[PDB]
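Heads up, the thing below is written out as structure tokens.
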2 protein chains.
Amino acid sequence: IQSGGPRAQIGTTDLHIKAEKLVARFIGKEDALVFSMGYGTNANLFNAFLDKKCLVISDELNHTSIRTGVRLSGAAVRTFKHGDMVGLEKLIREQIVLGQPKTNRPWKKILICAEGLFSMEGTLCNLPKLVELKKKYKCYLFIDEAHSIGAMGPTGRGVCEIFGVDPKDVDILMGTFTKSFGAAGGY
Amino acid sequence: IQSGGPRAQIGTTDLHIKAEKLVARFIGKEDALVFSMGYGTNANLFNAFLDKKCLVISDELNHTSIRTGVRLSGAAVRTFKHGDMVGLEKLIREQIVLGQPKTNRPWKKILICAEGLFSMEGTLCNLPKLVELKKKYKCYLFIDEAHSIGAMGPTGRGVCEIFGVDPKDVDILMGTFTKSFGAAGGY
């Protein structure tokens with residue numbers, strides 16, 4: 001029941017490797033990592049791959065962990081009304097045109113954050129149209145499948161199975177084992 | 001008394017090579033070209049090395065040939081009042097900040113055009129301060145020594161000799177043999 005330390009120092013075992021391989025095969029992607037907390041995952045991801053010259057366009061109903069993780073990095077934030085895609089496209093166009101505030105230089109990067117299922121409304125996210133705009137405007141996509149994985153779809157793979165979307169158009173997928181697997185952690 | 005054709009086709013002789021070498025040695029630069037007209041030189045230079053995403057900051061008293069050459073290329077033009085350097089620095093700063101019009105992207109290039117001696121006022125150009133700002137703000141310098149070369153300076157080299165400026169801070173120097181050499185052409 002005792003760990004050794006960080007994964008980089010001594011903490012890794014073969015069980016971690018097996019779990020990562022099995023999760024990656026289950027989702028349909030190439031590789032995966034596992035952590036000991038979902039809140040920590042969402043809080044420490046964006047700090048790692050973002051900066052203060054980038055932009056994040058996230059839904060207004062996102063979880064608190066995503067907000068904390070984005071706040072820790074330094075990027076700019078703009079939100080669109082929940083379940084509205086014309087507003088999303090309009091915001092994307094306007095923010096590409098305007099550029100960085102007070103300097104008007106081109107945005108170095110644009111990331112879109114959403115959720116597979118919002119667990120206060122019960123609604124889904126319009127994944128096919130999100131893929132359409134991300135391909136058209138060269139954005140990136142981040143999806144949080146905390147409540148979708150394991151419990152939705154014909155065989156339980158989430159919203160990609162529900163909408164028939166190939167799980168290669170989504171740049172980063174993350175979820176937790178807490179909701180529908182009776183365990184703890186994230187990936 | 002007959003030429004053959006363009007310099008690229010058959011028109012070159014050894015006399016052209018000797019003249020280019022001697023002019024380059026006389027001015028103090030590394031290499032030079034000679035043409036058959038000064039108006040044509042000024043009209044066809046900027047078309048060759050400029051574009052529509054660049055900016056030209058020229059004095060308000062420049063010759064007509066410079067204006068035609070700049071107009072033929074497509075670049076944007078802004079002028080500063082004659083004999084005023086605070087306005088020049090202010091314009092440089094504002095135009096670097098603002099960027100390309102209606103798009104606000106960074107200026108791809110900035111070129112400053114002046115004259116060694118303005119042959120309607122009799123005044124010179126403040127070469128040392130022009131060099132100071134071009135070095136400070138990373139601009140480029142173009143000088144038109146039509147009336148200065150041959151007839152000004154301790155030994156007749158122009159405004160570089162008058163101000164003691166090393167003729168390496170000036171990116172492009174051009175003049176004519178019409179005024180003070182009793183001939184025709186330009187370099």
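Chains: A, B, ... in order of the structure tokens. Residues: from 1 per chain. Ligands: from 1, in order shown.
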
Can you tell me, as a PDB file with N, CA and C atoms, in the first residue's frame, what residues are no more than 12 Å from residue 122 of chain B when counting only C-alpha atoms, ignoring any on the same chain fewer than 4 positions away?
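Result went into result-v9.pdb, see below:
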```pdb
ATOM      1  N   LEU B  61      10.547  67.012 -49.209  1.00  0.00           N
ATOM      2  CA  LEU B  61      11.151  67.778 -50.291  1.00  0.00           C
ATOM      3  C   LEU B  61      11.927  66.903 -51.267  1.00  0.00           C
ATOM      4  N   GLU B 115      18.042  63.158 -48.929  1.00  0.00           N
ATOM      5  CA  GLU B 115      18.914  63.708 -49.954  1.00  0.00           C
ATOM      6  C   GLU B 115      20.119  64.363 -49.296  1.00  0.00           C
ATOM      7  N   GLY B 116      21.271  64.251 -49.957  1.00  0.00           N
ATOM      8  CA  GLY B 116      22.470  64.882 -49.429  1.00  0.00           C
ATOM      9  C   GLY B 116      22.345  66.390 -49.365  1.00  0.00           C
ATOM     10  N   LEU B 117      21.824  66.993 -50.428  1.00  0.00           N
ATOM     11  CA  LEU B 117      21.590  68.431 -50.467  1.00  0.00           C
ATOM     12  C   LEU B 117      20.327  68.674 -51.276  1.00  0.00           C
ATOM     13  N   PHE B 118      19.401  69.448 -50.721  1.00  0.00           N
ATOM     14  CA  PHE B 118      18.145  69.743 -51.399  1.00  0.00           C
ATOM     15  C   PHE B 118      18.356  70.956 -52.292  1.00  0.00           C
ATOM     16  N   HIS B 147      23.504  66.173 -55.839  1.00  0.00           N
ATOM     17  CA  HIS B 147      24.143  67.479 -55.812  1.00  0.00           C
ATOM     18  C   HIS B 147      25.327  67.561 -54.860  1.00  0.00           C
ATOM     19  N   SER B 148      25.576  66.524 -54.067  1.00  0.00           N
ATOM     20  CA  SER B 148      26.646  66.558 -53.082  1.00  0.00           C
ATOM     21  C   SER B 148      27.939  65.961 -53.614  1.00  0.00           C
TER      22      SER B 148
END
```

Could you write out, as number ranges by chain, all the residues of segment 79-144 of chain A that DSSP marks as alpha helix (DSSP H)? A: 86-98, 127-137

Select, as a PyMOL selection string, those residues of chain B with any atom no more than 12 Å from chain A (distances computed using only C-alpha atoms). chain B and resi 96-107

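Nearest-residue note for residue 32 of chain B: choosing from B:70, B:173, B:111, B:57, the minimum distance belongs to B:173, counting only C-alpha atoms.
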
Polymer residues at most 12 Å from residue 139 of chain B, only C-alpha atoms, same-chain spacing of 6 or more positions, as a PyMOL selection string: chain B and resi 54-57+89+92-93+95-96+107-113+130-133+169-171

I need the residues from that last selection saved to file as a PDB file, in the first residue's frame (with N, CA and C atoms), if you can.
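So the final result, stored in selection.pdb, reads:
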```pdb
ATOM      1  N   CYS B  54       5.658  46.811 -46.896  1.00  0.00           N
ATOM      2  CA  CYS B  54       6.740  47.596 -46.327  1.00  0.00           C
ATOM      3  C   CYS B  54       6.309  49.049 -46.175  1.00  0.00           C
ATOM      4  N   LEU B  55       7.132  49.822 -45.477  1.00  0.00           N
ATOM      5  CA  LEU B  55       6.864  51.230 -45.235  1.00  0.00           C
ATOM      6  C   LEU B  55       8.065  52.070 -45.647  1.00  0.00           C
ATOM      7  N   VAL B  56       7.785  53.247 -46.202  1.00  0.00           N
ATOM      8  CA  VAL B  56       8.808  54.203 -46.607  1.00  0.00           C
ATOM      9  C   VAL B  56       8.523  55.528 -45.918  1.00  0.00           C
ATOM     10  N   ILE B  57       9.503  56.032 -45.178  1.00  0.00           N
ATOM     11  CA  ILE B  57       9.401  57.313 -44.493  1.00  0.00           C
ATOM     12  C   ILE B  57      10.380  58.260 -45.168  1.00  0.00           C
ATOM     13  N   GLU B  89      11.490  60.780 -35.191  1.00  0.00           N
ATOM     14  CA  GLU B  89      11.505  59.731 -34.174  1.00  0.00           C
ATOM     15  C   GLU B  89      10.094  59.388 -33.713  1.00  0.00           C
ATOM     16  N   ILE B  92       8.481  57.297 -36.368  1.00  0.00           N
ATOM     17  CA  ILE B  92       9.034  55.945 -36.378  1.00  0.00           C
ATOM     18  C   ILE B  92       8.403  55.107 -35.273  1.00  0.00           C
ATOM     19  N   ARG B  93       8.340  55.661 -34.060  1.00  0.00           N
ATOM     20  CA  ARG B  93       7.765  54.917 -32.942  1.00  0.00           C
ATOM     21  C   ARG B  93       6.294  54.602 -33.187  1.00  0.00           C
ATOM     22  N   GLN B  95       4.642  54.402 -36.013  1.00  0.00           N
ATOM     23  CA  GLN B  95       4.411  53.468 -37.106  1.00  0.00           C
ATOM     24  C   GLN B  95       4.880  52.062 -36.768  1.00  0.00           C
ATOM     25  N   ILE B  96       5.888  51.919 -35.903  1.00  0.00           N
ATOM     26  CA  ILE B  96       6.231  50.583 -35.425  1.00  0.00           C
ATOM     27  C   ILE B  96       5.113  50.036 -34.547  1.00  0.00           C
ATOM     28  N   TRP B 107       5.122  45.635 -39.403  1.00  0.00           N
ATOM     29  CA  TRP B 107       5.703  46.082 -40.661  1.00  0.00           C
ATOM     30  C   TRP B 107       6.839  45.145 -41.042  1.00  0.00           C
ATOM     31  N   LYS B 108       6.803  44.624 -42.268  1.00  0.00           N
ATOM     32  CA  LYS B 108       7.855  43.720 -42.708  1.00  0.00           C
ATOM     33  C   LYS B 108       9.189  44.430 -42.897  1.00  0.00           C
ATOM     34  N   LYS B 109       9.176  45.717 -43.239  1.00  0.00           N
ATOM     35  CA  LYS B 109      10.406  46.462 -43.477  1.00  0.00           C
ATOM     36  C   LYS B 109      10.143  47.957 -43.366  1.00  0.00           C
ATOM     37  N   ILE B 110      11.162  48.735 -43.013  1.00  0.00           N
ATOM     38  CA  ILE B 110      11.057  50.188 -42.952  1.00  0.00           C
ATOM     39  C   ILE B 110      12.299  50.788 -43.591  1.00  0.00           C
ATOM     40  N   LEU B 111      12.096  51.708 -44.530  1.00  0.00           N
ATOM     41  CA  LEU B 111      13.175  52.357 -45.262  1.00  0.00           C
ATOM     42  C   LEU B 111      13.027  53.865 -45.130  1.00  0.00           C
ATOM     43  N   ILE B 112      14.145  54.557 -44.938  1.00  0.00           N
ATOM     44  CA  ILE B 112      14.169  56.010 -44.811  1.00  0.00           C
ATOM     45  C   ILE B 112      14.901  56.579 -46.016  1.00  0.00           C
ATOM     46  N   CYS B 113      14.278  57.546 -46.684  1.00  0.00           N
ATOM     47  CA  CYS B 113      14.836  58.175 -47.871  1.00  0.00           C
ATOM     48  C   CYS B 113      15.098  59.648 -47.601  1.00  0.00           C
ATOM     49  N   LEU B 130      20.411  60.772 -38.310  1.00  0.00           N
ATOM     50  CA  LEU B 130      19.749  59.734 -39.093  1.00  0.00           C
ATOM     51  C   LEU B 130      20.392  58.379 -38.844  1.00  0.00           C
ATOM     52  N   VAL B 131      21.725  58.342 -38.787  1.00  0.00           N
ATOM     53  CA  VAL B 131      22.423  57.099 -38.476  1.00  0.00           C
ATOM     54  C   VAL B 131      22.083  56.633 -37.064  1.00  0.00           C
ATOM     55  N   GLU B 132      22.001  57.570 -36.115  1.00  0.00           N
ATOM     56  CA  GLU B 132      21.645  57.207 -34.747  1.00  0.00           C
ATOM     57  C   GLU B 132      20.292  56.506 -34.691  1.00  0.00           C
ATOM     58  N   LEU B 133      19.257  57.119 -35.274  1.00  0.00           N
ATOM     59  CA  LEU B 133      17.938  56.484 -35.244  1.00  0.00           C
ATOM     60  C   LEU B 133      17.897  55.188 -36.044  1.00  0.00           C
ATOM     61  N   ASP B 169      27.509  52.838 -42.670  1.00  0.00           N
ATOM     62  CA  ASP B 169      26.213  52.907 -42.015  1.00  0.00           C
ATOM     63  C   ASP B 169      25.083  53.202 -42.987  1.00  0.00           C
ATOM     64  N   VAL B 170      25.396  53.659 -44.194  1.00  0.00           N
ATOM     65  CA  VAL B 170      24.399  53.982 -45.206  1.00  0.00           C
ATOM     66  C   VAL B 170      24.233  52.760 -46.096  1.00  0.00           C
ATOM     67  N   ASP B 171      23.013  52.226 -46.151  1.00  0.00           N
ATOM     68  CA  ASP B 171      22.791  50.958 -46.835  1.00  0.00           C
ATOM     69  C   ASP B 171      22.942  51.100 -48.344  1.00  0.00           C
TER      70      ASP B 171
END
```

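With only C-alpha atoms taken into account, the protein and nucleic acid residues at most 9 Å from residue 51 of chain B (excluding it and anything under 5 positions from it in its own chain) are residues 46, 73, 74 and 75 of chain B.
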
I need the residues from that last selection saved to file as a tab-separated table (two decimals), in the first residue's frame (with N, CA, C and O atoms), if you can.
```tsv
chain	number	residue	atom	x	y	z
B	46	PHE	N	13.33	50.82	-56.30
B	46	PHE	CA	12.44	50.38	-55.24
B	46	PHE	C	11.49	49.28	-55.72
B	46	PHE	O	11.16	48.38	-54.94
B	73	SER	N	6.24	50.61	-56.77
B	73	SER	CA	6.42	49.38	-56.02
B	73	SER	C	5.14	48.96	-55.30
B	73	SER	O	4.71	47.81	-55.40
B	74	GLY	N	4.53	49.87	-54.55
B	74	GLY	CA	3.29	49.57	-53.88
B	74	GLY	C	3.33	49.80	-52.38
B	74	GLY	O	2.32	49.64	-51.69
B	75	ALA	N	4.49	50.19	-51.86
B	75	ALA	CA	4.66	50.35	-50.43
B	75	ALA	C	3.87	51.54	-49.91
B	75	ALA	O	3.42	52.40	-50.67
```

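Here atom CA of residue 28 of chain A is placed at a distance of 9.9 Å from atom CA of residue 160 of chain A.
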
Which polymer residues have any atom within 8 Å of an atom of segment 64-68 of chain B, counting only C-alpha atoms, with same-chain residues fewer than 5 positions away left out, as a VMD selection string? chain B and resid 39 to 40 42 to 43

Write to file, as a PDB file, in the first residue's frame, the residues of the selection just made, with C-alpha atoms.
```
ATOM      1  CA  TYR B  39      15.584  59.193 -63.409  1.00  0.00           C
ATOM      2  CA  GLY B  40      15.439  55.569 -64.536  1.00  0.00           C
ATOM      3  CA  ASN B  42      15.491  56.086 -59.029  1.00  0.00           C
ATOM      4  CA  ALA B  43      12.325  54.906 -60.773  1.00  0.00           C
TER       5      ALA B  43
END
```

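Within the 7 Å cut-off around segment 3-20 of chain B, using only C-alpha atoms and omitting residues fewer than 3 positions from it on the same chain, the listed residues are residues 23, 24, 32, 33 and 34 of chain B.
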
I need the residues in segment 28-97 of chain A that are strand (DSSP E) according to DSSP; give them as a ChimeraX atom specification. /A:55-59,76-80

Skipping near chain neighbours, those fewer than 6 positions away, what residues fall within 7 Å of residue 79 of chain B using only C-alpha atoms, listed as a ChimeraX atom specification? /B:57-60

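Distance-wise, atom CA of residue 186 of chain A and atom CA of residue 41 of chain A end up 6.8 Å apart.
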
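Put simply, atom CA of residue 178 of chain A is 12.0 Å away from atom CA of residue 35 of chain A.
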